[PDB]
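Colleague: Sharing data24.cif, mmCIF, C-alpha atoms and all ligand atoms:
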data_entry
loop_
_atom_site.label_atom_id
_atom_site.label_comp_id
_atom_site.auth_asym_id
_atom_site.auth_seq_id
_atom_site.Cartn_x
_atom_site.Cartn_y
_atom_site.Cartn_z
CA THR A 14 78.97 147.66 83.70
CA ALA A 15 78.54 144.17 85.11
CA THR A 16 78.09 143.30 81.45
CA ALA A 17 81.25 145.22 80.53
CA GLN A 18 83.15 143.23 83.15
CA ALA A 19 81.76 140.03 81.66
CA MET A 20 82.84 141.17 78.19
CA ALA A 21 86.35 141.89 79.46
CA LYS A 22 86.60 138.53 81.20
CA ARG A 23 85.57 136.79 77.99
CA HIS A 24 88.16 138.73 75.98
CA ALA A 25 90.79 137.98 78.63
CA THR A 26 90.23 134.23 78.05
CA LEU A 27 91.99 134.49 74.68
CA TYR A 28 95.20 135.04 76.69
CA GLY A 29 94.95 132.31 79.32
CA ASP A 30 93.25 131.57 82.62
CA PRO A 31 93.39 132.77 86.23
CA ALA A 32 95.70 130.59 88.31
CA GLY A 33 96.40 130.00 91.98
CA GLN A 34 99.40 132.09 93.03
CA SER A 35 100.81 128.88 94.52
CA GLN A 36 101.21 127.78 90.89
CA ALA A 37 103.38 130.70 89.74
CA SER A 38 107.05 130.25 88.75
CA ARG A 39 107.80 133.90 89.56
CA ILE A 40 106.23 136.95 91.17
CA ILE A 41 106.52 140.27 89.31
CA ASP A 42 105.98 143.48 91.24
CA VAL A 43 103.82 145.89 89.25
CA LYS A 44 105.46 149.31 89.57
CA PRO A 45 104.50 152.73 88.18
CA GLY A 46 106.06 153.25 84.71
CA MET A 47 107.39 149.68 84.21
CA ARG A 48 106.08 149.70 80.60
CA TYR A 49 105.94 145.99 79.82
CA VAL A 50 106.83 142.43 80.76
CA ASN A 51 107.64 139.41 78.58
CA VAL A 52 105.95 136.06 79.25
CA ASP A 53 106.02 132.66 77.57
CA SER A 54 103.08 130.71 76.17
CA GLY A 55 102.06 128.43 79.04
CA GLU A 56 104.00 130.34 81.73
CA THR A 57 102.28 130.90 85.11
CA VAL A 58 103.08 134.32 86.55
CA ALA A 59 101.94 136.07 89.73
CA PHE A 60 101.62 139.86 89.63
CA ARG A 61 101.90 141.76 92.90
CA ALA A 62 100.86 145.25 93.96
CA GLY A 63 101.39 145.68 97.68
CA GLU A 64 99.55 142.89 99.44
CA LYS A 65 97.36 142.14 96.42
CA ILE A 66 98.56 139.21 94.28
CA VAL A 67 96.83 137.88 91.15
CA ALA A 68 98.23 135.00 89.08
CA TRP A 69 97.66 133.92 85.49
CA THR A 70 98.56 130.98 83.24
CA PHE A 71 99.18 132.23 79.73
CA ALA A 72 97.61 130.31 76.85
CA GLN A 73 99.45 128.67 73.96
CA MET A 74 99.37 131.59 71.51
CA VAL A 75 99.35 130.93 67.77
CA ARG A 76 101.55 133.99 67.11
CA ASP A 77 103.44 136.57 69.18
CA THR A 78 100.68 138.64 70.81
CA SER A 79 100.43 141.40 73.39
CA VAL A 80 97.69 142.46 75.81
CA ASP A 81 97.15 145.11 78.48
CA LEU A 82 97.63 143.60 81.95
CA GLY A 83 94.60 145.72 82.95
CA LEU A 84 92.41 143.51 80.74
CA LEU A 85 93.55 140.35 82.55
CA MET A 86 93.48 141.75 86.08
CA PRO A 87 91.47 145.01 86.33
CA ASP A 88 91.37 144.68 90.12
CA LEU A 89 95.17 144.70 90.47
CA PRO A 90 96.32 148.27 91.25
CA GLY A 91 98.69 149.68 88.61
CA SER A 92 97.88 147.01 86.04
CA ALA A 93 96.30 149.29 83.43
CA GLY A 94 98.78 150.40 80.79
CA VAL A 95 101.34 147.66 81.50
CA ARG A 96 101.82 145.73 78.28
CA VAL A 97 102.27 141.93 78.37
CA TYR A 98 104.15 140.47 75.41
CA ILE A 99 103.36 136.75 75.08
CA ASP A 100 105.82 134.57 73.11
CA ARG A 101 104.32 132.30 70.41
CA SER A 102 103.85 128.67 71.48
CA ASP A 103 106.57 126.14 70.57
CA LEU A 104 103.70 123.78 69.82
CA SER B 13 142.48 134.23 91.03
CA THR B 14 139.82 136.88 91.52
CA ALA B 15 141.06 138.65 88.39
CA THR B 16 141.48 136.01 85.68
CA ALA B 17 137.94 135.04 86.62
CA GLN B 18 136.73 138.55 85.81
CA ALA B 19 138.21 138.21 82.41
CA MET B 20 136.75 134.84 81.59
CA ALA B 21 133.34 136.05 82.85
CA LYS B 22 133.44 138.97 80.40
CA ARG B 23 134.28 136.47 77.71
CA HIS B 24 131.22 134.32 78.59
CA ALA B 25 129.04 137.42 78.70
CA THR B 26 130.17 138.41 75.20
CA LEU B 27 128.43 135.36 73.78
CA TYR B 28 125.09 136.79 74.96
CA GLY B 29 125.27 140.37 73.71
CA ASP B 30 126.82 143.79 74.20
CA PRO B 31 126.94 146.55 76.85
CA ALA B 32 124.34 149.20 76.06
CA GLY B 33 123.50 152.72 77.15
CA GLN B 34 120.47 153.37 79.33
CA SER B 35 119.25 155.93 76.78
CA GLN B 36 118.61 153.13 74.28
CA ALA B 37 116.80 150.77 76.67
CA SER B 38 113.09 150.02 76.13
CA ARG B 39 112.45 149.25 79.82
CA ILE B 40 114.19 149.27 83.19
CA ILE B 41 114.06 146.09 85.28
CA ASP B 42 114.29 146.43 89.06
CA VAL B 43 116.73 143.86 90.43
CA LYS B 44 115.53 142.88 93.89
CA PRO B 45 116.69 140.32 96.48
CA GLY B 46 115.12 136.94 95.72
CA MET B 47 114.44 137.59 92.02
CA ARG B 48 115.15 134.42 90.05
CA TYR B 49 114.50 135.14 86.38
CA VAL B 50 113.36 137.58 83.72
CA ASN B 51 112.45 137.04 80.04
CA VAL B 52 114.13 139.12 77.33
CA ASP B 53 113.99 138.96 73.52
CA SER B 54 116.95 138.40 71.21
CA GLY B 55 118.08 141.93 70.28
CA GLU B 56 116.24 143.62 73.16
CA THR B 57 117.99 146.49 74.91
CA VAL B 58 117.16 146.34 78.62
CA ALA B 59 118.34 148.38 81.58
CA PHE B 60 118.73 146.76 84.97
CA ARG B 61 118.52 148.79 88.14
CA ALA B 62 119.75 148.30 91.70
CA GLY B 63 118.82 151.37 93.76
CA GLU B 64 119.98 154.19 91.51
CA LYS B 65 122.68 152.23 89.71
CA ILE B 66 121.53 151.35 86.21
CA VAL B 67 123.36 149.08 83.76
CA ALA B 68 122.03 148.28 80.29
CA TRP B 69 122.60 145.41 77.85
CA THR B 70 121.65 144.57 74.27
CA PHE B 71 120.96 140.85 73.95
CA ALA B 72 122.48 138.89 71.08
CA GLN B 73 120.46 137.18 68.33
CA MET B 74 120.19 133.61 69.67
CA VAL B 75 119.68 130.56 67.49
CA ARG B 76 117.63 128.90 70.27
CA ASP B 77 116.12 129.88 73.65
CA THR B 78 118.98 130.16 76.13
CA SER B 79 119.73 131.62 79.56
CA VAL B 80 122.63 133.45 81.18
CA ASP B 81 123.26 134.71 84.73
CA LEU B 82 122.90 138.51 84.97
CA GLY B 83 125.80 138.53 87.44
CA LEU B 84 128.10 137.48 84.60
CA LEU B 85 126.76 140.19 82.24
CA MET B 86 127.02 142.94 84.85
CA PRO B 87 129.21 142.01 87.84
CA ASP B 88 129.16 145.63 89.02
CA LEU B 89 125.37 145.80 89.44
CA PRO B 90 124.73 144.83 93.08
CA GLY B 91 122.40 141.83 93.43
CA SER B 92 122.65 140.76 89.79
CA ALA B 93 124.33 137.41 90.60
CA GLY B 94 121.76 134.60 90.74
CA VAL B 95 119.22 136.35 88.52
CA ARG B 96 118.89 134.25 85.39
CA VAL B 97 118.02 135.95 82.09
CA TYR B 98 115.94 133.83 79.73
CA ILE B 99 116.62 134.95 76.15
CA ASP B 100 114.03 134.05 73.53
CA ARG B 101 115.26 132.67 70.19
CA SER B 102 115.85 135.17 67.38
CA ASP B 103 113.35 135.55 64.56
CA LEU B 104 116.22 136.25 62.16
CA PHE B 105 117.04 132.56 61.54
CL CL C 1 109.97 139.90 82.03
CL CL C 2 95.96 138.50 97.43
CL CL C 3 95.27 127.22 74.38
CL CL C 4 91.77 141.15 88.93
CL CL C 5 95.28 149.81 87.32
CL CL C 6 110.65 150.79 82.54
CL CL C 7 118.24 135.25 97.27
CL CL C 8 116.35 147.89 93.33
CL CL C 9 125.15 131.03 82.38
CL CL C 10 128.44 145.91 85.44
MG MG C 11 109.86 134.49 70.10
#
Please express what this file holds, its structure, as structure tokens.
Ligand SMILES: [Cl-]
Ligand SMILES: [Cl-]
Ligand SMILES: [Cl-]
Ligand SMILES: [Cl-]
Ligand SMILES: [Cl-]
Ligand SMILES: [Cl-]
Ligand SMILES: [Cl-]
Ligand SMILES: [Cl-]
Ligand SMILES: [Cl-]
Ligand SMILES: [Cl-]
Ligand SMILES: [Mg+2]
Modeller:
Amino acid sequence: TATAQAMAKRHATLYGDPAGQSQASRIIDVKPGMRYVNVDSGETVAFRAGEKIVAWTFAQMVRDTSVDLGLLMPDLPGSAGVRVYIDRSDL
Amino acid sequence: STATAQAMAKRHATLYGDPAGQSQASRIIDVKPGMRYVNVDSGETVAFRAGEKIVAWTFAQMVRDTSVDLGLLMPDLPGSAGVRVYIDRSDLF
């Protein structure tokens, strides 16, 4: 389990890095049934569920990619099942 | 005054896509006080909600990344003005 959490954190690294919420350019409220969000390569986004806030800087992706928000932030309530579509990098 | 403006706003909005029905939208975006932007794809059909009012839009196929104010796309959705929609470039070019 601790090992499964380590595995998930390693996989999550493909998609970017944790960031300070002070660094975010927007805060998205994670709501039941929201389905998905769209983010840009390199964008820093804070995700909020009540008083819990977790932020993330998306990596420069080689192609359009998507990922479950629950992989990036398992501790954020309501994150599982919300799809994150990350736009390919301009670079 | 008030009126002519309405008409030129609809004209501006037309460059960015077409009114859509909620039944064709792939997601519903909550429009809340303080919201500043959202990201949509060229060709995406998105519904925007204020309380229980829902207005949907199908974004045009854009030659480059561009933005438009939601308040110009849907003046009758309360709180839409000031929310900027970032539209990703179309893959069709
Ligand atoms: Cl979004
Ligand atoms: Cl927090
Ligand atoms: Cl990278
Ligand atoms: Cl987390
Ligand atoms: Cl969850
Ligand atoms: Cl939705
Ligand atoms: Cl405001
Ligand atoms: Cl609302
Ligand atoms: Cl505009
Ligand atoms: Cl409207
Ligand atoms: Mg794209």
Colleague: Give me, please, the distance in Å between CA of residue 63 (chain B) and CA of residue 68 (chain A), quoted to one decimal.
Modeller: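 That distance, rounded to one decimal, is 26.7 Å.
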Colleague: List as an MDAnalysis selection string the protein and nucleic acid residues lying within 12 Å of ligand CL 7 (chain C), with all atoms listed in the file counted.
Modeller: chainID B and resid 43:49 91:96
Colleague: Give me the chain A side of the contact with ligand CL 6 (chain C), cut-off 9 Å, one line per residue showing its nearest atom pair and distance in Å at one decimal, counting only C-alpha atoms and all ligand atoms, sorted by chain and residue number, as a tab-separated table.
Modeller:
residue	atom	partner	partner_atom	distance
A:44	CA	C:CL6	CL	8.9
A:45	CA	C:CL6	CL	8.6
A:46	CA	C:CL6	CL	5.6
A:47	CA	C:CL6	CL	3.8
A:48	CA	C:CL6	CL	5.1
A:49	CA	C:CL6	CL	7.3
Colleague: Given the selection you just returned, output its residues as a file containing C-alpha atoms, formatted as a compact mmCIF listing (two decimals), keeping the file's coordinate frame.
Modeller:
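Output saved as result_9.txt:
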# COMPACT_ATOMS: atom_id res chain seq x y z
CA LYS A 44 105.46 149.31 89.57
CA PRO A 45 104.50 152.73 88.18
CA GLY A 46 106.06 153.25 84.71
CA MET A 47 107.39 149.68 84.21
CA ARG A 48 106.08 149.70 80.60
CA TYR A 49 105.94 145.99 79.82
Colleague: Kindly provide, as a PyMOL selection string, the residues of chain A having any atom no farther than 12 Å from an atom of chain B, counting all atoms listed in the file.
Modeller: chain A and resi 38-54+56+58+77+95-103
Colleague: In Å to one decimal, how far is CA of residue 103 (chain B) from atom MG of ligand MG 11 (chain C)?
Modeller: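 We find that atom MG of ligand MG 11 (chain C) and CA of residue 103 (chain B) lie 6.6 Å from each other.
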Colleague: What is the CA of residue 31 (chain B) to CA of residue 89 (chain B) distance in Å?
Modeller: 12.7 Å
Colleague: Return as an MDAnalysis selection string the residues of protein, DNA or RNA that approach ligand CL 3 (chain C) to within 7 Å, with all atoms listed in the file taken into account.
Modeller: chainID A and resid 72:74
Colleague: Mind checking which residues fall within 12 Å of residue 85 (chain A), counting all atoms listed in the file, ignoring those fewer than 5 positions away in the same chain, and posting them as a PyMOL selection string?
Modeller: chain A and resi 18-32+58-60+67-71+79-80+92-97
Colleague: Please check which protein, DNA or RNA residues sit within 9 Å of ligand CL 9 (chain C), counting only C-alpha atoms and all ligand atoms, and write them as a PyMOL selection string.
Modeller: chain B and resi 24-25+78-82+84+96-97
Colleague: Using only C-alpha atoms and all ligand atoms, determine which residues fall within 7 Å of ligand CL 5 (chain C), then list them as a JSON list (two decimals) with C-alpha atoms, in the coordinates of the input.
Modeller:
[["chain", "number", "residue", "atom", "x", "y", "z"],
["A", 83, "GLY", "CA", 94.60, 145.72, 82.95],
["A", 87, "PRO", "CA", 91.47, 145.01, 86.33],
["A", 89, "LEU", "CA", 95.17, 144.70, 90.47],
["A", 90, "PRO", "CA", 96.32, 148.27, 91.25],
["A", 91, "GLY", "CA", 98.69, 149.68, 88.61],
["A", 92, "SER", "CA", 97.88, 147.01, 86.04],
["A", 93, "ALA", "CA", 96.30, 149.29, 83.43]]
Colleague: Which residues are near ligand CL 2 (chain C) - at most 7 Å, using all atoms listed in the file? Format: as a PyMOL selection string.
Modeller: chain A and resi 64-67
